[PDB]
C-alpha cells in the first residue's frame, strides 16, 4: 500500500539564501510528496507500480472519491485512519485491522464485487474495540458499505462504533412533510406519479393546533393502474382526544388525481395539521 507522509510546505523563508539547485530539489520532492498524498487518497493506488501514477493511464482525482483495492498481505499490518477499502473476499475472507484512532477518525469499506458472505466474510478489528461488539466485527452482508468512526479516544479509551448499509437499492421517499387541513376540512397531498411505484407505505399523524386531538396511522397502498385506483390498508390506528370511539379525528383516503397517487386528509376538527411520510416503496422491475 501507499502510506503518505504528512503535509510538506515550501520554505519561502529561504531562496535568496540557498541557490536554485537545492531549493528546486527540496521543493520539487515536496510538491511530489503532497500531490502523491492527494492523488492516492482520491485515486487508484495500484497505478503507483507504473510511472509512479503518471502517464496516459495514470492516476486521476475522483470527485466521488476512491476505495483502494489491497491484497491480503498488505492487510497483514494495521490500516491508517481516513483510508477507504473496496474489499474482495471471493477467494477467502479477509481480515482488516484499524490503527488506534482519535475522536472522529474514520475508515470506510465497500464491496463492489459482492464477494462478502458468511463463508468469505469481512472481519474488522478496530484497535481496542467496537461498541456493541465483543471482539471483531464480522460483516457478511454482500454489496455493503461499512463506516467505522471513533466515538471516544482520550487515553486508551479508543472506542469505535459502526454503520452498515446496502450500496444499492431504491431507498428514496417520494414524500415527507407537514400540511394544513384547509378550513374546508380537507387536503390533497400528492405522493407520486402513478407509474413510479406499485405499493407504498406511509405514516400519517394528525394533530390539532392545541394538541388535544391527535391520531396516527400506518397505511399500505396498492396502485391499481388498470382501474386508475388505489387500494389501502390502514392499521395500528391510535387516537388521544377522541370525543367518541366511532369515526374520529381524521380520515385518510387515497386515489389517483391528475395521474398522481394522492392522499386526501379530512377532519371535522377545525385547525388540524397532518404530517405524512412515505417510509417504504416497492416497484416491480425486470426479473434478474
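Residue numbers count along the first chain shown, from 1.
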Entry B factor averaged over C-alpha atoms, 216-224 against 54-62: higher for 54-62
32-40 versus 231-239 - greater average Cα B-factor per the deposited record: 32-40
In terms of CA temperature factor as recorded, identify the highest of 73, 163, 178, 208. 73
The largest CA temperature factor among 255, 259, 251, 244 is found at 244
What third of its chain, lowest, middle or highest, does the C-alpha temperature factor of residue 142 fall into? lowest
Which third of the chain does residue 268 land in by C-alpha B-factor: lowest, middle or highest? middle
Sorting the chain's modelled residues by C-alpha B-factor, tell me whether residue 105 ends up in the lowest, middle or highest third. middle
Lowest, middle or highest third - CA B-factor, residue 98: middle
Once the chain's modelled residues are ordered by C-alpha B factor and cut into thirds, is residue 186 in the lowest, middle or highest one? middle
